[PDB]
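Inspection log for the structure reproduced underneath, given as structure tokens.
Chain IDs A, B, C, D, E and F follow the sequence of writing; residue 1 opens each chain.
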Amino acid sequence: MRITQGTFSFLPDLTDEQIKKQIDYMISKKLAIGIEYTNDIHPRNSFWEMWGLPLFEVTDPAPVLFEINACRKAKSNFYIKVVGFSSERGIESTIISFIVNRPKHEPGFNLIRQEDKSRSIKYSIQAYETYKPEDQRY
Amino acid sequence: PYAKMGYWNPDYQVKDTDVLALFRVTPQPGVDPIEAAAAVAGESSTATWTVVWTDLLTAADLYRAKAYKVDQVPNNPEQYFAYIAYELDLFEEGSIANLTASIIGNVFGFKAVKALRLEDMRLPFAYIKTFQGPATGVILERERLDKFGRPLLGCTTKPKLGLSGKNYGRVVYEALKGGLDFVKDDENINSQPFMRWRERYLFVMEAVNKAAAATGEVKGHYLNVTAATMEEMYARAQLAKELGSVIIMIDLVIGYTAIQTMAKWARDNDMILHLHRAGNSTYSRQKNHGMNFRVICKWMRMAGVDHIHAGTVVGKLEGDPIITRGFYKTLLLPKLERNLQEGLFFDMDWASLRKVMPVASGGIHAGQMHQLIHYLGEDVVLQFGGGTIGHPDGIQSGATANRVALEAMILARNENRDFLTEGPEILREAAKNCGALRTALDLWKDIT
Amino acid sequence: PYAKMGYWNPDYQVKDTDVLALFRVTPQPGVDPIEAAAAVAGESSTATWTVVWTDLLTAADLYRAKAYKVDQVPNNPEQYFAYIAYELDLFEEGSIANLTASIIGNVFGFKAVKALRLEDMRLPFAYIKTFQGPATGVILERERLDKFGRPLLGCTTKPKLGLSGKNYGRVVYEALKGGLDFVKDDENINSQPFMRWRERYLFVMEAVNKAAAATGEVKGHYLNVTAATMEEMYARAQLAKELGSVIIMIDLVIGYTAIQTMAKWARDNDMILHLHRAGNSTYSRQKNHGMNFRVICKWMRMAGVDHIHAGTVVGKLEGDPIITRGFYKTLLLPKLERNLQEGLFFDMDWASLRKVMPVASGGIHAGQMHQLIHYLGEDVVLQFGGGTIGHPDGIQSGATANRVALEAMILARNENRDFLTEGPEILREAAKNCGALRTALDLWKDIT
Amino acid sequence: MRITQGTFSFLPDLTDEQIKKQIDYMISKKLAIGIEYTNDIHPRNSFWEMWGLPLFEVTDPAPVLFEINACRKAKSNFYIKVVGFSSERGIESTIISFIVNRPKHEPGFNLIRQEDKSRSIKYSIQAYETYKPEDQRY
Amino acid sequence: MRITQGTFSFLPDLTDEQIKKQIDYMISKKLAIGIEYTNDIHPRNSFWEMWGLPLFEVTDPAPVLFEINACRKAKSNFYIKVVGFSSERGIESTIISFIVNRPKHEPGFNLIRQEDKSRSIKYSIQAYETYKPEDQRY
Amino acid sequence: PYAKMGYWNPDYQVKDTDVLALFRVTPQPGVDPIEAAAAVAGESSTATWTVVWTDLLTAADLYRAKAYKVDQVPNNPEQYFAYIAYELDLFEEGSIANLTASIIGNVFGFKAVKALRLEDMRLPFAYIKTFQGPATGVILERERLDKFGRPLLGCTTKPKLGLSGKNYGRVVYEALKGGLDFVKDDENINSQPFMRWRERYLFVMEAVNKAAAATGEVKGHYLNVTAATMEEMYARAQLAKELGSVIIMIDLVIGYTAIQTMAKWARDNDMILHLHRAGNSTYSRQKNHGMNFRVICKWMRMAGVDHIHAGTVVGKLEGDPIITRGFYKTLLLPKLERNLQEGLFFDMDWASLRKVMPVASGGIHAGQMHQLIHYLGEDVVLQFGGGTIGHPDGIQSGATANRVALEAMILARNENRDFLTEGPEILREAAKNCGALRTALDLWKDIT
């Protein structure tokens, strides 16, 4: 299935020209721009791996785009996303986050139902590729 | 004589700690606007009419509200704007009941005043700082959901009433899986003969978890904990908590004290707290009495709910876009700037209280997404009704069309595309890749 | 088309279990009254506008409100009375929040309807029977106080705010000892920087007990337990209980759920529960939107408060005597009979719920006692303000004058004296034996 | 002090003609009419002594008035009151109660303050004549 | 025993010249001046009887002194005190209170010990003259 | 470079919401006063020394303290006054621990700074308004005791330690009966092998009630509830409450969190809360490090104790009268006005927090009463030691002499007598009628 984490995951995968225009947006919003990747796609996996530090005070999309592609070359079967952090007082948080690489195939999640008191159930989801070590996923 | 008792004071200097109110006043025919101002002040501050010695045992002036400014309503000869100031020490810290009792209670004067509507309030910084503010707030809510830079999408289950727990859960699962971020209980669905509340909560949580596992997203359903007594609301809130719900809802009819009680509970228990307030109730289109919605926004942001329905501009809700924009600012901004066309009469610092998320609900549909984004911004939950459930291809399909239109519109906005003007063509490019969206767009062109 | 969806049904037969509402509707210009009726029904029952298959999984008709009758408002060409029926199974038993959410929430239709005001409700017997009704009620309250056959007498402390606990208790003791049955906290006095609530409660109970010992009567002071959260209201209610207070009060701004919570507490703890509702607030003189006060009376009698301010006829409150009389009936009678001039549109059986005590408060004074008795009956608390505290001879004196006028008037009524006509002479005979009353009567003849 | 229990205790003591008109009221209201007396005037003394049974279905004030005066002769230094009971559904209770004899002199109540937790006080009032046996009061 | 409620009750009873100078103080402090009396001298009897209203905005001691003496004539076997109330913001309370008449003889208080849980005792004090009606005290 | 990082800002504009501190700084030899200022600010705001990118994810400037003004200490070439401003949003509302952690914790800079002493703080109105303030306060305390217009009188039991419960109660009864308003436990007496706390509390309450019955006054003994754990302090506080004590005490060594916990308990349970702080401890006569006592007064008034020992001017405590006067103002006034000789460096509004009662304790004796009244005012507890217990005629006698001297002095003050100058003759007129006072006055003329 398609994982729909990300601001634009109901759209087709973005071209590089689209990705470029999203960097321009971020630049005009004065955001720090980070690139993160993971192959544990749990929705509560809050800390993806960082591909370098976030870039600050950037003024041209080129170098961001260049790292995105180098991450894609190094981690081609990982999810990779781009995140734009705001430092505006009272936000101080991500304000956009979108996918720029997905694995070829997504097998999705197992749903675990542990039966508890009365009719209640304690739930877990476990991404199928996480049943394997990281270097064997996707 | 009310101007004579001191209640009228053209010279009063407003202090940073004063609570200030702005009433739209209609003097009873042949009574001076200045006497009318004074009457409203003189009664929301004291209820006396004789030689009362006991005032002299107190610092009496401190407790008197001061009518300090009267302008004539533009475009309305016999309506006036009265500004009233109240000392901070009159109010219980942290208490909405006390604030409302004090302001919109004892504003009598049936002999000088024909009509009265409270239009706005300047809550001073030090007062605001005595309230919790939103239990979660926009920023934390988005970090909990991992959802950034786009409005959120919800709808109410259809039909509001009647489905058994299992069939109710079916709708919730379909809609969440098909793309909605949220589904919600109707304000009317609490616990009734055709369905009690515990089975609804249990079947819903199965639907919600099934949807998260189908999509790899955090998903939520607003469980309505509204009930007749505080103990009952708590037992309901506690099941939501126990089963792992990300969000609950309450109706504004439960009242201010139960609201503050819930807001503290939501803060203490990591729960998003959505507040339902009927967008068009009997108490709506009054230019003349009661209180303007923006004062509700202020009081509810202070009380600490996380979502409130704030209006849309287009669709079946026909409101002034600029007044609506003023509601959103009140909910969202760290400081409000006086702006007469938005109906904000006071500058106001929000004292770093968290932000409430506006909800837009009404006859709204996917073909209006450019107008919705342009008027309402990215921090909003857009709620579609029969616009999802009644997609001729199924609930999942309807949810998908709405989600794709949303995302394609924010994409265009972020590209600096003139999306207000190019809106229909943007949607039609998006629908090219999306049958469900193509189906929806046709569905909604007999409208216009 | 709303008349087309079934929401309009001229033929519907009203069942004894239906909840019935009567709205005053103002159709948006050039829309059929019948379409407007239907719109109000069609939205306070369902929020759908498309092909929704999921209705077919339910007994859908059951959940649809039925507009079943439309009359044109007498003396008003473009206002109509719409009668709407709702199945009993839509409502949570015992829950005011659910009742109000369901009725005055989703009554939308911004395209057929310009204005809407809810005028009356027929609560069916079996529904009413799911509510507690007054915690104490008129009969039990009078057996607790040992006070029969006369209105009760109260006033609010003057000034409402500022007195320290000890000086506040002074006023309470003076007034009770001089003849009042009750003294009361202002709706605004909760707990504030100039006085916190615990010392008020402690000094008050000393005043109340001193007054009982000075008079050989049960005496009471309404301690205001209003607060921001349910826990806080309970701690306040619990001190009142602990110290032996016969009575407490709450403000209606705390909201319906905190009200029902308190009403159950008052029933469980033998406490009279007075409910303050501002007689002239911003939400008052509306012929056009919102809800008529009599629906509040119904809902509050059901929730189970013991006293509510119901209006006076004379004095500074200028109301239609016959509409006011309708409020009193709602509060007091075991059955209500349709009566258009009183604004009662439905017969209604009260299902043996206890009676609420009306409170009359306003510019009322001792020289009006014949009108007060004649219009308001013996079951009422008469509340006088600066009419007691500001008697030139002292608070005790002012209380005495009011008490003697009250008693002399009921004496005359019971003698079958034509007290409405002979009122002034009755008072003047009473004042012959009562200097304080003589002083009061003169005091109040510059009025007229 | 004057005890102000009773519907008309802020008025002067009623004459027999006034008392008569109050019986007429009660009769027209269809009330049972009772006569009760006490020399423990505590406000929470709910059960005064009964002087006979209440009178039911009465149609002339004379016999009520006659018993009131006979009670006054037998119990001249007691409080005596007249009570009118309603049997109307949803009332079923006293609806008028008024004093028709008081002792020559009322010494009033003692107030007792028992100090309890923190600043709270438990209160009692004790009518001074109750410090003595009943046959020595007033 | 001497009751030592009052700002100056460890001093001898004040002469009228001393009382006069205390009024002058109160006047210069801009206080409301009240006269109160009681013959229940319990320390927790917070509400003495008022002899008239308090006097406000007074500028000469004479009229205060005159009422003090008239209270003394009417209530010679009562405690009488003079109280000065401040209306200054954040005080709004009595700031002086002193005795200007005492009964000839003070018999004092009974101490009541009600035995409660374990070794604890609930205490009451009861002024001996309050065992009698008010018109028989002192 | 600290002036380089932004921590130094000669131009910063102070906001009404800033927390401001005034340190007395001693730059390490050959370091610029301006660099020293900056160092103190730069470390009580951040602990960083490298290229830290993560600052850029926050509104970093907001969290930086700003050294904004440096004056040179008058009469001290190498000491400077540094004024530091902190944004309100850095502080937890209502929390002394957080305030002190933030201000006097991370003020490092061991390379630019040799010595540092915190001299004063400007707590902003909106911050102060987040604290409870005194549980009872001077005005309520006096209405509870019915004691007006004179200092209160106490002493500590003698000897502090050793008496069994019954002999301890003997001293307490003697002293209260003889005239003291209060007697008190020593800070050291908690619960020990020579006497456990429950029997002390029980025998004390018998003494206190016996004294009230002997005098017709409210009497009190400060039961020390100090203990090692919060549960233990509560069990002690709860017995005091149960047995009807008007007052308890705690030692300042229990620490800020237990203090705030107790202050809320005292507010909730109508108990006067006396706070012991040793007048001359190892941490006293520092012109050079630590924190000036007036900052403690501020923090304790905010936390909400009712009494704190504030110093005397005369006797064995030898302090600058004008600095001491500054401590009393901090405790007592509704607003403080900058005044350099009193050591108040900031104007400050107390936001209607209640007043704390200063306690004066030391070698003070009855022959100094004119100086005590003149320097310390009427709102103070004067505490005499061996000055009561060791009156050659008995404890009652000693208490009487002190009480008569007190009352005769206030009498003289109120008569506008030049009591500072005529003090000894005033006492000697009073002693004419008072053998115990005559005995005391002689006793204390070998001193001088």
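Note that in this section a contact is a pair of C-beta atoms (placed from the backbone, for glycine too) under 8 Å apart; a residue touches a chain by one contact, two chains touch by 3 or more.
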Counting only C-alpha atoms to place each centre, which chain is farthest from chain D? A
Which of these, B-E, D-F or C-D, makes the same contacts as E-F in over half of the contact pairs? C-D
Averaged-CA centre spacing for the pair chain E and chain C, given as whole angstrom: 43
Per the C-alpha centroid definition, the whole-Å distance linking chain A and chain F comes out as 57
How many Å are there between the centre of chain A and the centre of chain B, using C-alpha atoms for each centre? 32
With centres defined as the mean C-alpha position, give me the chain C-chain F separation in Å. 51
Could you list the positions in chain A whose residues touch two or more of the other chains? 89-90, 92
Sites on chain F at which at least two other chains make contact: 139, 143, 209, 242, 244, 270, 352
Which of the chains touch, listed as pairs? A-B, A-F, B-C, B-E, B-F, C-D, C-E, C-F, D-E, D-F, E-F
Spell out the part of chain E that touches chain D in their complex, as residue ranges. 40, 42, 44, 112, 114, 122-126, 130-136
Across the complex, what residues on chain E touch chain F? 1, 3-5, 7-12, 18, 21-22, 24-25, 41-44, 46, 84, 89-98, 108-111, 119-123, 125, 127
List the residues on chain F that touch chain C in their complex, please. 139-140, 143, 267-268, 270, 352
So, in the complex, the side of chain C touching chain F is made of residues 164-166, 193-194, 196, 198-199, 202-203, 235
Residues of chain D touching chain E in the complex: 107-108, 110-116, 121, 128, 131
